[PDB]
file run_14.cif (mmCIF, C-alpha atoms)
data_final
loop_
_atom_site.group_PDB
_atom_site.id
_atom_site.type_symbol
_atom_site.label_atom_id
_atom_site.label_comp_id
_atom_site.auth_asym_id
_atom_site.auth_seq_id
_atom_site.Cartn_x
_atom_site.Cartn_y
_atom_site.Cartn_z
ATOM 1 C CA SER A 1 4.536 -16.392 -2.630
ATOM 2 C CA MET A 2 4.308 -13.450 -0.254
ATOM 3 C CA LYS A 3 1.044 -11.484 -0.671
ATOM 4 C CA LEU A 4 0.906 -7.782 0.194
ATOM 5 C CA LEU A 5 -2.259 -5.718 0.452
ATOM 6 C CA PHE A 6 -2.251 -1.889 0.425
ATOM 7 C CA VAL A 7 -5.311 -0.272 2.011
ATOM 8 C CA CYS A 8 -6.905 3.122 2.196
ATOM 9 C CA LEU A 9 -10.426 4.503 2.354
ATOM 10 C CA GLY A 10 -11.675 4.486 -1.302
ATOM 11 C CA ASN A 11 -8.970 2.461 -3.207
ATOM 12 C CA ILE A 12 -8.774 5.117 -5.957
ATOM 13 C CA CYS A 13 -5.727 7.273 -5.172
ATOM 14 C CA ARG A 14 -3.137 6.513 -2.436
ATOM 15 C CA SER A 15 -3.671 2.707 -2.190
ATOM 16 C CA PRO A 16 -3.495 2.066 -5.982
ATOM 17 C CA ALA A 17 -0.322 4.176 -6.076
ATOM 18 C CA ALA A 18 1.168 2.161 -3.197
ATOM 19 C CA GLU A 19 0.453 -1.112 -4.988
ATOM 20 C CA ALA A 20 2.084 0.303 -8.173
ATOM 21 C CA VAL A 21 5.182 1.633 -6.381
ATOM 22 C CA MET A 22 5.648 -1.599 -4.440
ATOM 23 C CA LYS A 23 5.285 -3.668 -7.621
ATOM 24 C CA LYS A 24 8.027 -1.686 -9.387
ATOM 25 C CA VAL A 25 10.334 -1.757 -6.349
ATOM 26 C CA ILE A 26 9.989 -5.540 -6.128
ATOM 27 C CA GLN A 27 10.716 -5.635 -9.833
ATOM 28 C CA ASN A 28 13.841 -3.518 -9.516
ATOM 29 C CA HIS A 29 15.019 -5.999 -6.892
ATOM 30 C CA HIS A 30 14.307 -8.871 -9.241
ATOM 31 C CA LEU A 31 11.881 -10.369 -6.666
ATOM 32 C CA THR A 32 8.632 -10.483 -8.715
ATOM 33 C CA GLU A 33 8.401 -14.286 -8.597
ATOM 34 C CA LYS A 34 8.240 -14.114 -4.770
ATOM 35 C CA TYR A 35 5.779 -11.251 -4.261
ATOM 36 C CA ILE A 36 2.298 -10.338 -5.308
ATOM 37 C CA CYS A 37 0.703 -6.943 -4.558
ATOM 38 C CA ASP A 38 -2.929 -5.863 -4.440
ATOM 39 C CA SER A 39 -4.958 -2.983 -3.071
ATOM 40 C CA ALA A 40 -8.430 -2.481 -1.587
ATOM 41 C CA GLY A 41 -10.471 0.102 0.372
ATOM 42 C CA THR A 42 -12.248 0.155 3.759
ATOM 43 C CA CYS A 43 -15.172 1.867 2.000
ATOM 44 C CA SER A 44 -17.254 0.072 -0.686
ATOM 45 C CA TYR A 45 -18.470 3.376 -2.210
ATOM 46 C CA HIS A 46 -16.172 3.465 -5.160
ATOM 47 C CA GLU A 47 -16.093 -0.215 -5.960
ATOM 48 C CA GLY A 48 -15.324 -0.907 -9.641
ATOM 49 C CA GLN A 49 -13.469 2.281 -10.590
ATOM 50 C CA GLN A 50 -10.256 2.938 -12.401
ATOM 51 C CA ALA A 51 -7.578 4.661 -10.232
ATOM 52 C CA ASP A 52 -7.545 8.486 -10.180
ATOM 53 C CA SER A 53 -6.667 9.833 -13.669
ATOM 54 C CA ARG A 54 -4.122 12.343 -12.349
ATOM 55 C CA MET A 55 -2.436 9.738 -10.193
ATOM 56 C CA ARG A 56 -2.173 7.412 -13.165
ATOM 57 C CA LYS A 57 -0.554 10.093 -15.221
ATOM 58 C CA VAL A 58 1.837 11.227 -12.565
ATOM 59 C CA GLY A 59 2.666 7.613 -11.697
ATOM 60 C CA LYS A 60 3.259 6.749 -15.345
ATOM 61 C CA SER A 61 5.693 9.661 -15.738
ATOM 62 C CA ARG A 62 7.814 8.216 -12.924
ATOM 63 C CA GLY A 63 7.763 4.582 -14.106
ATOM 64 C CA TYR A 64 4.710 3.296 -12.218
ATOM 65 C CA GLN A 65 1.691 1.558 -13.736
ATOM 66 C CA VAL A 66 -1.271 2.501 -11.553
ATOM 67 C CA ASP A 67 -3.736 0.079 -13.158
ATOM 68 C CA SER A 68 -5.681 -0.991 -10.022
ATOM 69 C CA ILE A 69 -9.466 -1.466 -10.199
ATOM 70 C CA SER A 70 -11.157 -0.369 -6.961
ATOM 71 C CA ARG A 71 -12.497 -3.034 -4.608
ATOM 72 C CA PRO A 72 -13.432 -3.205 -0.934
ATOM 73 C CA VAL A 73 -11.502 -5.038 1.788
ATOM 74 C CA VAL A 74 -13.478 -8.209 2.616
ATOM 75 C CA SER A 75 -12.985 -10.665 5.474
ATOM 76 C CA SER A 76 -11.138 -13.230 3.393
ATOM 77 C CA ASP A 77 -8.419 -10.619 2.750
ATOM 78 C CA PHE A 78 -7.331 -10.965 6.391
ATOM 79 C CA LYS A 79 -6.772 -14.707 5.897
ATOM 80 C CA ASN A 80 -5.369 -14.616 2.347
ATOM 81 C CA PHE A 81 -2.849 -11.861 2.571
ATOM 82 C CA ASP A 82 0.438 -12.069 4.510
ATOM 83 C CA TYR A 83 0.715 -8.397 5.317
ATOM 84 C CA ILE A 84 -1.712 -5.495 5.048
ATOM 85 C CA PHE A 85 -0.555 -1.868 4.940
ATOM 86 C CA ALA A 86 -2.697 1.091 5.963
ATOM 87 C CA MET A 87 -2.163 4.442 4.173
ATOM 88 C CA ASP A 88 -3.283 6.441 7.194
ATOM 89 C CA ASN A 89 -4.084 6.146 10.886
ATOM 90 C CA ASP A 90 -7.813 6.088 10.560
ATOM 91 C CA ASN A 91 -7.556 3.106 8.082
ATOM 92 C CA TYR A 92 -5.148 1.410 10.490
ATOM 93 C CA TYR A 93 -7.645 1.396 13.331
ATOM 94 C CA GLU A 94 -10.571 0.675 11.012
ATOM 95 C CA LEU A 95 -8.709 -2.432 9.811
ATOM 96 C CA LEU A 96 -7.951 -3.607 13.383
ATOM 97 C CA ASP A 97 -11.636 -3.120 14.231
ATOM 98 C CA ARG A 98 -12.724 -5.608 11.540
ATOM 99 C CA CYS A 99 -9.761 -7.983 11.616
ATOM 100 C CA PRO A 100 -10.092 -11.345 13.409
ATOM 101 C CA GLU A 101 -7.713 -11.490 16.353
ATOM 102 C CA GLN A 102 -5.934 -14.337 14.670
ATOM 103 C CA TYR A 103 -4.689 -12.155 11.847
ATOM 104 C CA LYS A 104 -4.107 -8.792 13.563
ATOM 105 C CA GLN A 105 -0.333 -9.218 13.455
ATOM 106 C CA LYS A 106 -0.518 -8.740 9.681
ATOM 107 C CA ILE A 107 -1.610 -5.092 9.835
ATOM 108 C CA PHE A 108 1.042 -2.350 9.602
ATOM 109 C CA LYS A 109 1.137 1.362 8.857
ATOM 110 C CA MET A 110 2.741 2.100 5.505
ATOM 111 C CA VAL A 111 4.677 5.007 7.119
ATOM 112 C CA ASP A 112 6.351 2.785 9.663
ATOM 113 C CA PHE A 113 8.690 1.795 6.840
ATOM 114 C CA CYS A 114 9.762 5.328 5.942
ATOM 115 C CA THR A 115 13.366 6.074 6.689
ATOM 116 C CA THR A 116 13.987 9.504 5.480
ATOM 117 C CA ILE A 117 10.631 11.205 5.182
ATOM 118 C CA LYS A 118 9.206 12.374 8.522
ATOM 119 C CA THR A 119 5.430 11.965 7.923
ATOM 120 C CA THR A 120 2.923 10.204 10.090
ATOM 121 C CA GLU A 121 0.477 9.362 7.353
ATOM 122 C CA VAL A 122 0.235 9.232 3.568
ATOM 123 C CA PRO A 123 -1.340 12.555 2.648
ATOM 124 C CA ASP A 124 -4.398 12.972 0.479
ATOM 125 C CA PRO A 125 -3.081 14.756 -2.660
ATOM 126 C CA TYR A 126 -5.445 17.704 -1.982
ATOM 127 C CA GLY A 127 -2.428 20.538 -5.886
ATOM 128 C CA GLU A 128 -0.331 18.971 -8.625
ATOM 129 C CA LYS A 129 2.656 18.615 -6.299
ATOM 130 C CA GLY A 130 0.505 16.529 -3.863
ATOM 131 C CA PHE A 131 0.573 13.598 -6.292
ATOM 132 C CA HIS A 132 4.378 13.684 -6.428
ATOM 133 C CA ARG A 133 4.636 13.951 -2.645
ATOM 134 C CA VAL A 134 2.527 10.828 -2.224
ATOM 135 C CA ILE A 135 4.770 8.962 -4.638
ATOM 136 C CA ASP A 136 7.877 10.318 -2.818
ATOM 137 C CA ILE A 137 6.605 8.907 0.471
ATOM 138 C CA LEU A 138 5.787 5.529 -1.111
ATOM 139 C CA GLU A 139 9.260 5.298 -2.753
ATOM 140 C CA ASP A 140 10.881 5.697 0.682
ATOM 141 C CA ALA A 141 8.549 3.293 2.493
ATOM 142 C CA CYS A 142 8.431 0.674 -0.176
ATOM 143 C CA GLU A 143 12.106 0.526 -0.648
ATOM 144 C CA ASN A 144 12.705 -0.097 3.042
ATOM 145 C CA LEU A 145 9.750 -2.512 3.131
ATOM 146 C CA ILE A 146 11.234 -4.832 0.486
ATOM 147 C CA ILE A 147 14.512 -4.769 2.470
ATOM 148 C CA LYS A 148 12.692 -5.727 5.632
ATOM 149 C CA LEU A 149 10.537 -8.340 3.986
ATOM 150 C CA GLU A 150 13.567 -10.216 2.697
ATOM 151 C CA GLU A 151 15.260 -9.931 6.112
ATOM 152 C CA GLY A 152 12.565 -11.956 7.879
ATOM 153 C CA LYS A 153 9.229 -11.419 9.595
ATOM 154 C CA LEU A 154 8.120 -7.781 9.651
ATOM 155 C CA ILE A 155 8.973 -6.142 12.973
ATOM 156 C CA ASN A 156 8.760 -2.353 12.474
#

call {"tool": "encode", "arguments": {"input": "run_14.cif", "output": "structure tokens"}}
result
Amino acid sequence: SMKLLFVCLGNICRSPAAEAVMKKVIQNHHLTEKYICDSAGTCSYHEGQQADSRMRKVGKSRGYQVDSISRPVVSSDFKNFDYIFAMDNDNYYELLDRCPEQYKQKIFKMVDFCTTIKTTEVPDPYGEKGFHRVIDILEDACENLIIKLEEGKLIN
């Protein structure tokens, strides 16, 4: 099965949402047997925590179960996962910094899969609308990502 990791700084807001959106999208495409999703953070500060309460509520309202428990990215993630998706540019470069050469090909920006939204990064939802905007971006990216993943090796 194809294993997808979604990564941000704390693994409490954007990255748990990305995991939740991707999971549902896969589901909608009846591809759950083939794909497993997870999330983690470049910073160990928050390790153990439930995802942001407002994100869970907002996510829930739009059909997404944001039930991730925060954990840090560890070295074995670079071996175990097939693809790793950074929520923003700082995470992208942070991930490349730590990633063995051997696995660097696995690391992508989440936004490189956006087709209609013109953003360069997944924004940090700081008012209320910010939570929806994050989910909007993830809906676009994730939908194209599943398309791409089933087409072959990721090339965006």

call {"tool": "resolve_selection", "arguments": {"input": "run_14.cif", "expression": "the PyMOL selection byres ((chain A and resi 55) around 8)", "output": "ChimeraX atom specification"}}
result
/A:13,17,51-54,56-59,66,131

call {"tool": "residues_around", "arguments": {"input": "run_14.cif", "residues": "stretch 89-99 of chain A", "least_positions_apart": "3", "cutoff": "12 Å", "atoms": "all atoms listed in the file", "output": "PyMOL selection string"}}
result
chain A and resi 5-11+14-15+40-43+72-79+84-86+102-112+119-123

call {"tool": "atom_distance", "arguments": {"input": "run_14.cif", "atom1": "atom CA of residue A:63", "atom2": "atom CA of residue A:135"}}
result
10.9 Å

call {"tool": "resolve_selection", "arguments": {"input": "run_14.cif", "expression": "the PyMOL selection byres ((chain A and resi 144-150) around 9)", "output": "number ranges by chain"}}
result
A: 22, 25-26, 29, 110, 113-115, 139-143, 151-156

call {"tool": "atom_distance", "arguments": {"input": "run_14.cif", "atom1": "atom CA of residue A:70", "atom2": "atom CA of residue A:4"}}
result
15.9 Å

call {"tool": "closest_residue", "arguments": {"input": "run_14.cif", "among": "A:129, A:37, A:45, A:87", "to": "residue A:24", "atoms": "all atoms listed in the file"}}
result
A:37

call {"tool": "atom_distance", "arguments": {"input": "run_14.cif", "atom1": "atom CA of residue A:134", "atom2": "atom CA of residue A:38"}}
result
17.7 Å

call {"tool": "closest_residue", "arguments": {"input": "run_14.cif", "among": "A:31, A:2, A:137, A:21", "to": "residue A:83", "atoms": "only C-alpha atoms"}}
result
A:2

call {"tool": "closest_residue", "arguments": {"input": "run_14.cif", "among": "A:82, A:101, A:88, A:136", "to": "residue A:1", "atoms": "only C-alpha atoms"}}
result
A:82

call {"tool": "resolve_selection", "arguments": {"input": "run_14.cif", "expression": "the PyMOL selection byres ((chain A and resi 69) around 6)", "output": "CSV table (one decimal) with C-alpha atoms, in the coordinates of the input"}}
result
chain,number,residue,atom,x,y,z
A,48,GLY,CA,-15.3,-0.9,-9.6
A,49,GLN,CA,-13.5,2.3,-10.6
A,50,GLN,CA,-10.3,2.9,-12.4
A,68,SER,CA,-5.7,-1.0,-10.0
A,70,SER,CA,-11.2,-0.4,-7.0

call {"tool": "closest_residue", "arguments": {"input": "run_14.cif", "among": "A:30, A:62, A:23, A:71", "to": "residue A:44", "atoms": "all atoms listed in the file"}}
result
A:71

call {"tool": "build_atoms", "arguments": {"input": "run_14.cif", "residues": "stretch 21-40 of chain A", "atoms": "N, CA, C and O atoms", "output": "PDB file, in the coordinates of the input"}}
result
ATOM      1  N   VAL A  21       3.801   1.387  -6.839  1.00  0.00           N
ATOM      2  CA  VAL A  21       5.182   1.633  -6.381  1.00  0.00           C
ATOM      3  C   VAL A  21       5.817   0.356  -5.848  1.00  0.00           C
ATOM      4  O   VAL A  21       6.936  -0.042  -6.271  1.00  0.00           O
ATOM      5  N   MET A  22       5.084  -0.358  -4.995  1.00  0.00           N
ATOM      6  CA  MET A  22       5.648  -1.599  -4.440  1.00  0.00           C
ATOM      7  C   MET A  22       5.983  -2.606  -5.541  1.00  0.00           C
ATOM      8  O   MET A  22       7.035  -3.268  -5.503  1.00  0.00           O
ATOM      9  N   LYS A  23       5.101  -2.718  -6.519  1.00  0.00           N
ATOM     10  CA  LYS A  23       5.285  -3.668  -7.621  1.00  0.00           C
ATOM     11  C   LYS A  23       6.611  -3.378  -8.363  1.00  0.00           C
ATOM     12  O   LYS A  23       7.424  -4.281  -8.622  1.00  0.00           O
ATOM     13  N   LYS A  24       6.828  -2.107  -8.684  1.00  0.00           N
ATOM     14  CA  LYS A  24       8.027  -1.686  -9.387  1.00  0.00           C
ATOM     15  C   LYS A  24       9.292  -1.884  -8.568  1.00  0.00           C
ATOM     16  O   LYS A  24      10.339  -2.287  -9.113  1.00  0.00           O
ATOM     17  N   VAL A  25       9.207  -1.596  -7.269  1.00  0.00           N
ATOM     18  CA  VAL A  25      10.334  -1.757  -6.349  1.00  0.00           C
ATOM     19  C   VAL A  25      10.727  -3.233  -6.294  1.00  0.00           C
ATOM     20  O   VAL A  25      11.896  -3.580  -6.427  1.00  0.00           O
ATOM     21  N   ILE A  26       9.779  -4.111  -6.082  1.00  0.00           N
ATOM     22  CA  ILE A  26       9.989  -5.540  -6.128  1.00  0.00           C
ATOM     23  C   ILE A  26      10.684  -5.958  -7.431  1.00  0.00           C
ATOM     24  O   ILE A  26      11.601  -6.734  -7.463  1.00  0.00           O
ATOM     25  N   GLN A  27      10.184  -5.411  -8.499  1.00  0.00           N
ATOM     26  CA  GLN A  27      10.716  -5.635  -9.833  1.00  0.00           C
ATOM     27  C   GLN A  27      12.194  -5.235  -9.988  1.00  0.00           C
ATOM     28  O   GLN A  27      12.950  -5.936 -10.511  1.00  0.00           O
ATOM     29  N   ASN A  28      12.512  -4.040  -9.587  1.00  0.00           N
ATOM     30  CA  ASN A  28      13.841  -3.518  -9.516  1.00  0.00           C
ATOM     31  C   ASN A  28      14.800  -4.386  -8.730  1.00  0.00           C
ATOM     32  O   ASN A  28      15.928  -4.358  -8.957  1.00  0.00           O
ATOM     33  N   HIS A  29      14.281  -5.061  -7.733  1.00  0.00           N
ATOM     34  CA  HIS A  29      15.019  -5.999  -6.892  1.00  0.00           C
ATOM     35  C   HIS A  29      14.981  -7.417  -7.427  1.00  0.00           C
ATOM     36  O   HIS A  29      15.505  -8.320  -6.857  1.00  0.00           O
ATOM     37  N   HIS A  30      14.411  -7.563  -8.584  1.00  0.00           N
ATOM     38  CA  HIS A  30      14.307  -8.871  -9.241  1.00  0.00           C
ATOM     39  C   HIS A  30      13.671  -9.911  -8.301  1.00  0.00           C
ATOM     40  O   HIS A  30      14.149 -11.049  -8.199  1.00  0.00           O
ATOM     41  N   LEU A  31      12.590  -9.509  -7.622  1.00  0.00           N
ATOM     42  CA  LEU A  31      11.881 -10.369  -6.666  1.00  0.00           C
ATOM     43  C   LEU A  31      10.399 -10.645  -7.021  1.00  0.00           C
ATOM     44  O   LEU A  31       9.605 -11.087  -6.167  1.00  0.00           O
ATOM     45  N   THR A  32      10.029 -10.387  -8.276  1.00  0.00           N
ATOM     46  CA  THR A  32       8.632 -10.483  -8.715  1.00  0.00           C
ATOM     47  C   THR A  32       8.039 -11.877  -8.558  1.00  0.00           C
ATOM     48  O   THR A  32       6.857 -12.006  -8.245  1.00  0.00           O
ATOM     49  N   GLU A  33       8.863 -12.907  -8.743  1.00  0.00           N
ATOM     50  CA  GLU A  33       8.401 -14.286  -8.597  1.00  0.00           C
ATOM     51  C   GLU A  33       7.927 -14.575  -7.171  1.00  0.00           C
ATOM     52  O   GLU A  33       7.047 -15.412  -6.967  1.00  0.00           O
ATOM     53  N   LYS A  34       8.516 -13.877  -6.200  1.00  0.00           N
ATOM     54  CA  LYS A  34       8.240 -14.114  -4.770  1.00  0.00           C
ATOM     55  C   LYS A  34       7.126 -13.272  -4.151  1.00  0.00           C
ATOM     56  O   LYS A  34       6.671 -13.577  -3.038  1.00  0.00           O
ATOM     57  N   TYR A  35       6.708 -12.216  -4.845  1.00  0.00           N
ATOM     58  CA  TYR A  35       5.779 -11.251  -4.261  1.00  0.00           C
ATOM     59  C   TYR A  35       4.640 -10.916  -5.184  1.00  0.00           C
ATOM     60  O   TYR A  35       4.822 -10.727  -6.387  1.00  0.00           O
ATOM     61  N   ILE A  36       3.463 -10.809  -4.592  1.00  0.00           N
ATOM     62  CA  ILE A  36       2.298 -10.338  -5.308  1.00  0.00           C
ATOM     63  C   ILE A  36       1.643  -9.221  -4.496  1.00  0.00           C
ATOM     64  O   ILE A  36       1.540  -9.320  -3.263  1.00  0.00           O
ATOM     65  N   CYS A  37       1.228  -8.166  -5.191  1.00  0.00           N
ATOM     66  CA  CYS A  37       0.703  -6.943  -4.558  1.00  0.00           C
ATOM     67  C   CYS A  37      -0.719  -6.741  -5.022  1.00  0.00           C
ATOM     68  O   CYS A  37      -1.071  -7.105  -6.151  1.00  0.00           O
ATOM     69  N   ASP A  38      -1.535  -6.162  -4.149  1.00  0.00           N
ATOM     70  CA  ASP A  38      -2.929  -5.863  -4.440  1.00  0.00           C
ATOM     71  C   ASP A  38      -3.278  -4.641  -3.593  1.00  0.00           C
ATOM     72  O   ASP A  38      -2.491  -4.217  -2.722  1.00  0.00           O
ATOM     73  N   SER A  39      -4.434  -4.054  -3.888  1.00  0.00           N
ATOM     74  CA  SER A  39      -4.958  -2.983  -3.071  1.00  0.00           C
ATOM     75  C   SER A  39      -6.473  -3.077  -2.946  1.00  0.00           C
ATOM     76  O   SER A  39      -7.133  -3.732  -3.760  1.00  0.00           O
ATOM     77  N   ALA A  40      -7.002  -2.455  -1.895  1.00  0.00           N
ATOM     78  CA  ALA A  40      -8.430  -2.481  -1.587  1.00  0.00           C
ATOM     79  C   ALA A  40      -8.750  -1.309  -0.655  1.00  0.00           C
ATOM     80  O   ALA A  40      -7.831  -0.666  -0.138  1.00  0.00           O
TER      81      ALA A  40
END
